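Student: Below you'll find the structure I mean.
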Amino acid sequence: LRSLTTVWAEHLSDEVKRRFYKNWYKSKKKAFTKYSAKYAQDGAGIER
Amino acid sequence: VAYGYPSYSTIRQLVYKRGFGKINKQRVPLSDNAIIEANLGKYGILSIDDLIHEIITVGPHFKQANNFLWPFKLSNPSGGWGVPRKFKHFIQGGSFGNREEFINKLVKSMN
Amino acid sequence: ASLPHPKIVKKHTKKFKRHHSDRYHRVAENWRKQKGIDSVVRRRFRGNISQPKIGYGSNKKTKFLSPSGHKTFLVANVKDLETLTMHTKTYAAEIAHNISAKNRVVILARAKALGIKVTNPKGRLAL
Amino acid sequence: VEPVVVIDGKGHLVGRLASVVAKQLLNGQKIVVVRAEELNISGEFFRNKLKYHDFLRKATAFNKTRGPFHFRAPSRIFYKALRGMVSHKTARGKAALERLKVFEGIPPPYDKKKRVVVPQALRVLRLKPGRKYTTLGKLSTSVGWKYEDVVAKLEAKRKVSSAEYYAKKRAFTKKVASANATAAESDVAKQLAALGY
Amino acid sequence: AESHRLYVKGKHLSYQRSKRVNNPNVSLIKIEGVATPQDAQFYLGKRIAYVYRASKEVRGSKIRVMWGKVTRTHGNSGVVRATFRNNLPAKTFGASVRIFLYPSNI
Amino acid sequence: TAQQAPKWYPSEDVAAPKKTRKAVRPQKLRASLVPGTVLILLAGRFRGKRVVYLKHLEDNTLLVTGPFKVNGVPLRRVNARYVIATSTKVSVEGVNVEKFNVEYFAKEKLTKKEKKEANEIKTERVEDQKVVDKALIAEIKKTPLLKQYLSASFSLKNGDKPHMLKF
RNA sequence: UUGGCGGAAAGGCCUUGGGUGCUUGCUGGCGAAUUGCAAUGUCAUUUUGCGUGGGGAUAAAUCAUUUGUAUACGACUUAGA
RNA sequence: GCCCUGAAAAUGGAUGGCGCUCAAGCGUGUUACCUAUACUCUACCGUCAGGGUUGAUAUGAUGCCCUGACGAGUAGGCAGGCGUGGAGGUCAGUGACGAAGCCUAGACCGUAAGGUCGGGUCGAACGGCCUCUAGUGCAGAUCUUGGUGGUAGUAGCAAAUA
RNA sequence: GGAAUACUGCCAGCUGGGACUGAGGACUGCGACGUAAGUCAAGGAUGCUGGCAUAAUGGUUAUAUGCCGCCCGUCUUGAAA
RNA sequence: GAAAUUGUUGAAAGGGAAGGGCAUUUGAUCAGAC
């Protein structure tokens, strides 16, 4: 088995995105922010 | 040893190519009929063919003729020995012993 | 411009080093034959160092010949240099390590006059 | 002569193929092997299974993790049979084996390239008719290879795309095979025959 | 044309050796297309050049050549022994050499 | 002193060599070389150029020309071993070649003082060549496709075995 | 440039239109020289650096402090604009 | 005849390994081919043997040259040499304008012990040659004396209440 | 009844290709071709040409590769032990 | 003012030793003849 791809939600809660930071307090939190651009468009990046 | 009967051809090539004289207790190449004249002139031997004639026909002075010739130094046979193992009798599939005429074939490869 | 000589042949140029001279610091590299009962080098096993022997003796007609074609002859002063007056084509002069920097210019100026090749005409030159 | 020679192992004896591939690598020739699962080995199945269990006994007693690693996948089973015909502990032998790639089925790009066979290593030409042999794929899944079916399913999908490719190939060439015919018995065509072409 | 090759390919196979001892003064070369000593009989005396590359120029090129010639047949598959002016470095087992067609006999 | 002296000295007179017994004799070309033959050059700038053999010179060299108009090979001399001789032949009758000789090709090697830091043809050489080829080009015209043959380079392609091919 | 196909390691394959170069399918003209009788006679790919002018986005980790689901020490799990 | 049973030992394991089934096995035959310091021919080294050579100028008659054969080696014998301290003679030797020593993956000679040179260092004695003489040549002796390592910033520096 | 061919043997029969060697240094000897002159493959290589003339060949040194190589001294029949 | 033994700088190699022998590529370096 090899992981083909991953598709995340449009909005991620804070507590799940603390899992991606070792020093959460000093950070712009800067996660998936460019990945949210895949949403806000009907058929651009997600469904494909 | 591996011995046999040599023919005229076999003797002739040995002396012409590998013929060496034992003169003054030194091994000297023949390369000339005068050398034989100096030593073997006492028995009526003048040229290299006179010496060979004493070998092909075992003449009255064979011993003096034969002893004048150095022991020949031959090479390994050019085509191999023709057998897997040398040290079996020629009858038994090896090489040593009396082979009647096939010493001519062997010696020429050695020659 | 020395006399004609056959091509210089050495038959062995790597220096013979004593056995195990590289292993220990006390065993200096100057050759010494191994006399041991169980020495591999002494018995001449395969893959071991080679011992000096007369078969390595150089050709007599080119023995002692430096690459230039002249045999070397250490000289001490002008008188000793003159000994090579008539023999420039077989011998070369050499100035001893103890001949002073001021004296050396004396022999070179002379050797150039007689045309005798000096192997080391650069020692103790200040420039 | 090709920069890479791709070999289909099906119907080849594991050893004789391995020797031929072993010599080629040491000679600077690159080999890629595909469909290792259908390699053949002489002998019954239960005969060859036992030999593998004997190989499974040998392991370093005081620590198994360092002992002779017994690989199960057919590509590795063939690979072991070849590493022993290469001086693999020397820097030349490492260079020899890096010229080698062994595969299950025919993966990509090797699928769209010509595959050859080694006629001196073929089961049909070597073995006597009526003997008994094995198929490495049957054996490897019998000692712990977990991907017999994944290969089998994917390969059938491979052959499907190949079957139509032949169909376009054969249909297209047939039309080509006709145009040259009507170009025959021509002034150029007849004279090349005297030149043998 | 796209073909500009005026030699015959070959592979430097190994040194001349016994089971345990190799002789670095004589090399083993395989000429592709040759399968019998009779086929190889043609190439005897032909010139051989091993062309390699360096990172430093010697006389205006980054390319260097080691010359040599075919001495005699080896084996039964038409492998040939070649002795070089300077021995091939033994990291070229499997390297490609070039067997030029001169001195031609034809 | 440094070392005392060598007690004896060797002679410094160069000894004359013994009288040799090596006489030079005329060279024997292989039967494959006949004037008029088309050759393929194996070395030099013009390696792989099919070219015409005209004469056997004195110093074992083969006077050879393109002809120059066909492929651009002038009147040259090449070694008897650096050529490939074929079965194709072109007539050389009525062609004057006896004018050329060894001294005709004289280079006048430049002095060591002349050093090429960074950076021509004789007039008489060119008019010599145009004289010969005009008698040969017309001869080529009779055999079809020969003219294109002599303008075409030679090469070896894959699958081509020299020991098996025929030239 | 238009459209598809390929996930086993797809990184490739097919197809549409137009523009462009050459064409040895056939016939011609013009230059080859001098590398001096050979010298691989230098034509490939692998990485990196240094400037071009052309776009594009503007972070974390570790130490230190802290908890104890951790702990001989490192390590581990938490918290801290 | 081959094969099979009879045929059971202890770390995992050995036709040398891989591996081999009209064999890459067993029996038998014919060729081709591979390669030892062996055999042949040649060059060079040395030893031994047999010889030539007063001839002036020019040196060496222990010289120069010709001819043939031969070359393993512990214990052991003989011979030619290399090297060190000191002595008689010689070079009317080297040297404060740098002796001797010491360093030098810089140079040359000798098969070798060794010899010479260049650079660096330092500062006051030393060398070649013919002979004479010996407290004359070290890897070893659980060697003698002095010096120094790895172990290793390790063991540890924890009884008598703080 | 008459031949051919195989096999074995012989040629002081002819001829091609490939490799390694070039030792010796005035003449002297033995032979051949020639009427002679003289020539020669006959007691050991010369003739023609090119490039380079510098680190290019080569020495040494470190490393890389292929193959080989147990730690010396010692007593012992036997030592890497 | 040597060696053992050590510090810094420079160069090189390093998949359960290191070193050694025969040959050559590579880098460095160097002599002689012209």
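Chains as they are written, first to last, in PDB author numbering: chain BB, 99 to 146; chain BF, 134 to 244; chain Bd, 2 to 128; chain BN, 3 to 199; chain Be, 2 to 107; chain BE, 2 to 120, 129 to 176.
Where a beta carbon is used, it is the ideal one built from N, C-alpha and C, also for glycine.
1) May I ask you to report which of helix, strand or coil DSSP gives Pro-171 of chain BE?
2) Could you work out which residue in BF:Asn-157, BF:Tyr-138 and BF:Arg-145 is closest to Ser-180 of chain BF when comparing CA atoms only?
3) Based on the DSSP output, what are the partners of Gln-159 of chain BF in its beta bridges?
4) Which residue wins for smallest C-alpha separation from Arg-19 of chain Bd, given the options Bd:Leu-4, Bd:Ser-51 and Bd:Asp-39?
5) Which same chain residues end up closer than 7 Å to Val-153 of chain BN when comparing Cβ atoms and leaving out the 5 residues on each side of it in sequence?
6) Given that a residue counts as buried once 16 or more other Cβ atoms are within 10 Å of its Cβ, and exposed if not, what is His-71 of chain Bd?
7) For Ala-96 of chain Be, go through chain BN and note every residue whose CB falls closer than 9 Å to its CB, in chain order.
8) Sorted by chain position, which residues of the same chain lie with C-beta nearer than 6 Å to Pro-11 of chain BE's C-beta, five sequence neighbours on each side aside?
9) What are the boundary residues of the beta strand (DSSP E) that includes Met-67 of chain Be?
10) What does the alpha-carbon distance come out to for the pair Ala-144 of chain BE and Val-91 of chain BE?
11) Are the C-beta atoms of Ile-30 of chain Be and some chain BE residue less than 7 Å apart?
12) If the cut is a Cβ gap below 8 Å, which residues of chain BE does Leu-4 of chain Bd touch?
13) So which residues of chain BE does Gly-34 of chain Be contact, with C-beta pairs closer than 7 Å?
14) Report all residues from its chain with a CB closer than 8 Å to the CB of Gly-95 of chain Be; omit the five preceding and five following residues, and keep chain order.
15) With a Cβ-Cβ cutoff of 7 Å, do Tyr-112 of chain BN and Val-36 of chain BN count as a contact?
16) If we ignore side chains and look at the alpha-carbon of each, how far apart do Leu-159 of chain BE and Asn-72 of chain BE end up?
17) For a quick check, are the C-beta atoms of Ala-112 of chain Bd and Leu-75 of chain Bd less than 7 Å apart?
18) Kindly confirm or deny that the region 167-183 of chain BF and the region 209-217 of chain BF touch, where touching means at least three C-beta pairs closer than 8 Å.
19) Is it a yes or a no for the region 159-171 of chain BE touching the region 41-54 of chain BE, going by three-plus beta-carbon pairs under 8 Å?
20) What are the residues of the region 73-91 of chain Bd that lie near chain BE, defined by any Cβ-Cβ distance shorter than 9 Å?
21) From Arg-151 of chain BF to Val-161 of chain BF, what distance separates their C-alpha atoms?
22) If you reduce the DSSP assignment to three classes, tell me which class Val-103 of chain BE lands in.
23) Name, in chain order, the residues that DSSP records as bridge partners for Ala-135 of chain BF.
24) Classify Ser-142 of chain BN as helix, strand or coil using the three-state DSSP reduction.
25) Would you kindly check if the distance between the Cβ of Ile-32 of chain Be and the Cβ of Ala-83 of chain Be is under 7 Å?
26) Closest Cβ-Cβ distance between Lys-20 of chain Be and chain BN: below 7 Å?
27) Indicate whether at least one CB of chain BN lies closer than 7 Å to the CB of residue 125 of chain Be.
28) Can you tell me whether DSSP reads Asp-112 of chain BB as helix, strand or coil?
29) Run the CB neighbour count on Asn-61 of chain BE, radius 10 Å, all protein chains shown included, and call it buried at 16 or more, exposed below.
30) If you reduce the DSSP assignment to three classes, tell me which class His-57 of chain BE lands in.
31) If distances are taken between C-alpha atoms only, which option among BN:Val-145, BN:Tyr-135, BN:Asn-42 and BN:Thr-137 comes closest to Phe-57 of chain BN?
32) Kindly indicate which three-state DSSP category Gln-39 of chain Be falls into: helix, strand or coil?
33) Can you tell me which residues form a DSSP beta bridge with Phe-74 of chain Bd?
34) Are the CB atoms of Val-22 of chain BN and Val-120 of chain BN nearer to each other than 7 Å?
35) Compute the Euclidean distance between the alpha carbons of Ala-97 of chain Bd and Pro-53 of chain Bd, then round it to the nearest angstrom.
36) So which of Be:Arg-73, Be:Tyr-16, Be:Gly-69 and Be:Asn-88 has the shortest CA-CA distance to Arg-99 of chain Be?
Tutor: Let me lay it out:
1) Three-state result, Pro-171 of chain BE: coil.
2) BF:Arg-145
3) Beta-bridge pairing links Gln-159 of chain BF to BF:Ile-156.
4) Bd:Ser-51
5) If we look at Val-153 of chain BN and ignore the five residues flanking it on each side, its Cβ neighbours are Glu-39, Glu-106 and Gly-107.
6) buried
7) Chain BN residues near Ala-96 of chain Be: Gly-30.
8) None.
9) 64-75
10) 11 Å
11) no
12) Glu-13 and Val-15
13) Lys-170
14) The residues are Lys-12, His-13 and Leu-14.
15) Less than 7 Å separates the beta-carbon of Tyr-112 of chain BN from that of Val-36 of chain BN.
16) 7 Å
17) no
18) Contact between the region 167-183 of chain BF and the region 209-217 of chain BF is absent: fewer than 3 CB-CB pairs across the two stretches fall below 8 Å.
19) With the cut-off at 8 Å, the region 159-171 of chain BE and the region 41-54 of chain BE touch.
20) Here the close residues are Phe-74, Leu-75, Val-76, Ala-77, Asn-78, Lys-80, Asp-81, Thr-84, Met-87, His-88, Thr-89, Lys-90 and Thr-91.
21) 11 Å
22) coil
23) Beta-bridge pairing links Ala-135 of chain BF to BF:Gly-230.
24) helix
25) With respect to the 7 Å criterion, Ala-83 of chain Be and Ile-32 of chain Be are not classified as neighbours on the basis of their beta carbons.
26) no
27) Within the shown structure, residues of chain Be are numbered from 2 to 107, placing residue 125 of chain Be beyond reach of any answer.
28) helix
29) Under this definition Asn-61 of chain BE is an exposed residue.
30) strand
31) Out of BN:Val-145, BN:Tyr-135, BN:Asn-42 and BN:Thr-137, BN:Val-145 has the C-alpha closest to the C-alpha of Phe-57 of chain BN.
32) Looking at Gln-39 of chain Be - three-state DSSP - the assignment turns out to be helix.
33) Answer is Bd:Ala-94, bridged to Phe-74 of chain Bd.
34) yes
35) Straight-line Cα distance between these residues: approximately 30 Å.
36) Scanning Be:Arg-73, Be:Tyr-16, Be:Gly-69 and Be:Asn-88 for the CA closest to the CA of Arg-99 of chain Be turns up Be:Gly-69.
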